[PDB]
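Novice: Here the sequence shown is numbered in the numbering used here, starting from 6 and rising by one per residue.
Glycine is no exception: its CB is placed at the ideal position from the N, C-alpha and C atoms.
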Amino acid sequence: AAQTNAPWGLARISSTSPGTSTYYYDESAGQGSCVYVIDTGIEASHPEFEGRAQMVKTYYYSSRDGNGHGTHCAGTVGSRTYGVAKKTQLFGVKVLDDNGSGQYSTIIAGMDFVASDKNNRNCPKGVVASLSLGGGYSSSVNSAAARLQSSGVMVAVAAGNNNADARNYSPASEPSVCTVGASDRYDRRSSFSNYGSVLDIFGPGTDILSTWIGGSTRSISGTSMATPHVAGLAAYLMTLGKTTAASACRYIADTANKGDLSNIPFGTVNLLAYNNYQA
Ligand SMILES: [Ca+2]
């Protein structure tokens with residue numbers, strides 16, 4: 006399948022090269038997989054989700070995304086225009102209030118929630134979780150990411166936005182999950198991407214068009230926007246049969262565009278997520 010005049014990041018993760026605007030992907034498109042967006046919530050009523058999205062948890066007084074962040078990230082995963090994995094089932098978990106703030110202990114509670122709940126859902130092709138959030142190093146926050154991953158969920162986490170080595174941030178520094186940095190449409194590291202040997206992979210994160218609340222769209226920027234490209238990609242690769250929840254971060258790295266970003270500091274991977282469909 007081909008989707009012309011696509012947001013640049015969907016074209017990128019289907020290209021070897023920058024500078025084009027079609028998104029090339031196999032039509033199975035994540036059918037039979039499940040992606041949990043653990044964030045401010047998802048405006049499931051957005052027609053771009055077409056009935057595939059459900060809130061299933063909150064730790065606040067409403068499950069609605071009253072911020073926009075969770076809806077943007079979820080759209081990149083799996084909205085019909087703006088998503089990677091256009092036939093995946095989306096499940097929301099609201100661990101952030103309507104300003105973007107979550108206490109750690111609640112974020113932990115969300116995370117163990119997914120390791121349990123996946124067992125209430127129909128996900129024959131595999132389960133992913135997408136965490137576009139974080140704060141300073143915590144062993145506990147990190148332990149809750151290793152548990153979620155260990156429970157057979159592909160876990161994808163934002164490296165962080167301080168232009169700093171990510172080993173000081175959580176859940177990014179955790180080893181066993183898939184820590185995602187960001188890039189721009191000219192294959193530069195985005196100016197705000199944390200870096201450091203704990204990163205596994207980079208994704209489009211600067212000027213990412215996606216869904217927003219009210220039924221609407223916007224372009225925003227962050228390792229948060231990069232993260233759901235890799236989550237959606239992993240859902241897409243499960244569904245096909247290329248990899249598994251426990252093998253997908255390795256698998257994406259093995260198949261990435263290798264050398265191609267500017268400004269990988271020394272010691273940071275220079276790997277860019279790629280679906281290997283067109284070549
Ligand atoms: Ca890893």
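Counting along the chain, where does the alpha helix (DSSP H) carrying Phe118 start and finish?
Specialist: 109-122
Novice: My understanding is that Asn280 touches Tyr241, with C-beta atoms under 8 Å, so please give their C-beta distance in whole angstroms.
Specialist: 7 Å
Novice: Near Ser148, which residues of its chain fall below 6 Å by C-beta distance, leaving aside the five closest residues on each side in sequence?
Specialist: none
Novice: Exposed or buried, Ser135, counting other C-beta atoms within 10 Å across all chains shown (16 or more means buried)?
Specialist: The residue in question, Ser135, is buried, as its Cβ has 16 or more Cβ neighbours within 10 Å.
Novice: Evaluate contact between the region 12-23 and the region 267-283, counting only Cβ atoms and requiring at least three cross-stretch pairs below 8 Å.
Specialist: Yes, the region 12-23 is in contact with the region 267-283.
Novice: Taking only runs that begin and end inside the region 202-283, name each unbroken beta strand (DSSP E) of 3 or more residues, in chain order.
Specialist: Within the region 202-283, the complete beta strand (DSSP E) runs of at least 3 residues are 206-209, 213-217, 221-225.
Novice: Which ranges would you report for the alpha helix (DSSP H) in the region 117-178 if only whole runs of at least 4 residues count?
Specialist: 144-155
Novice: Name the two residues that bound the continuous beta strand (DSSP E) containing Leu95.
Specialist: 94-99
Novice: Could you give the first and the last residue of the continuous alpha helix (DSSP H) run that contains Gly186?
Specialist: Where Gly186 is concerned, there is no enclosing alpha helix (DSSP H), although the beta strand (DSSP E) it sits in stretches over 183-188.
Novice: What span of residues does the beta strand (DSSP E) with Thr63 cover, start to end?
Specialist: 58-63
Novice: Using the Cβ count rule (16 or more neighbours within 10 Å means buried), how would you classify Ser178?
Specialist: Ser178 comes out buried.
Novice: Would you call the CB atoms of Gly139 and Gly115 closer than 8 Å?
Specialist: no
Novice: Along the chain, where does the alpha helix (DSSP H) containing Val82 start, and where does it finish?
Specialist: 74-83
Novice: How many angstroms separate the CA atom of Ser224 from the CA atom of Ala253?
Specialist: 28 Å
Novice: Would the beta-carbon of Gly107 fall within 8 Å of that of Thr216?
Specialist: Taking 8 Å as the Cβ cut-off, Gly107 and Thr216 do not qualify as a contacting pair.
Novice: Short of 7 Å in beta carbon distance, which residues of its chain neighbour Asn268, apart from the five on each side in sequence? Order them along the chain.
Specialist: Excluding positions up to five away in sequence, the list reads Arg193, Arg194.
Novice: Report the rounded CA-to-CA distance for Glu32 versus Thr93, giving the unit in angstroms.
Specialist: 12 Å
Novice: Measure the alpha-carbon distance for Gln283 versus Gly24 and round it to whole angstroms.
Specialist: Computed Cα separation, rounded: 15 Å.
Novice: For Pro233, is the classification buried or exposed, using 16 other Cβ atoms within 10 angstroms of its Cβ as the cut-off for buried?
Specialist: The C-beta of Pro233 has 16 or more other C-beta atoms within 10 Å across all chains shown, which makes the residue buried.
Novice: For ligand 1, is there a heavy atom less than 7 Å away from the beta-carbon of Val133?
Specialist: no
Novice: Using only the heavy atoms of ligand 1, determine whether one of them is closer than 7 Å to the beta carbon of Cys254.
Specialist: yes
Novice: Spatial neighbours of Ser26 within its chain, please: CB distance less than 6 Å, with the 5 preceding and 5 following residues excluded, ordered by chain position.
Specialist: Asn10, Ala11, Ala16
Novice: Would a C-beta distance cut-off of 8 Å place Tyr142 and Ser175 closer than the cut-off?
Specialist: yes
Novice: Buried or exposed: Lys263, going by 16 or more other Cβ atoms within 10 Å of its Cβ?
Specialist: By the 16-neighbour rule on beta-carbons within 10 angstroms, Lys263 is exposed.
Novice: Measuring from the CB of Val182, is there a heavy atom of ligand 1 at a distance below 7 Å?
Specialist: yes
Novice: Counting only the same chain and skipping the five closest in sequence on each side, list residues whose C-beta sits under 7 Å from that of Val158.
Specialist: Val119, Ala120, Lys123, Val132, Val133, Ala134, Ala250
Novice: Buried or exposed for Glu55, please, with buried defined as at least 16 other CB atoms from any protein chain shown within 10 angstroms of its CB.
Specialist: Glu55 counts as exposed, since fewer than 16 other beta carbons sit within 10 angstroms of its beta carbon.
Novice: Less than 8 Å between the C-beta atoms of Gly210 and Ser226, yes or no?
Specialist: Result yes, Cβ atoms of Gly210 and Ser226 sit closer than 8 Å.
Novice: Please list, in chain order, all residues of the same chain as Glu48 whose beta carbon is under 7 Å from its beta carbon, the five residues on each side excluded.
Specialist: Once the five neighbours on either side are set aside, the close Cβ partners of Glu48 are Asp70, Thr76, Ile218.
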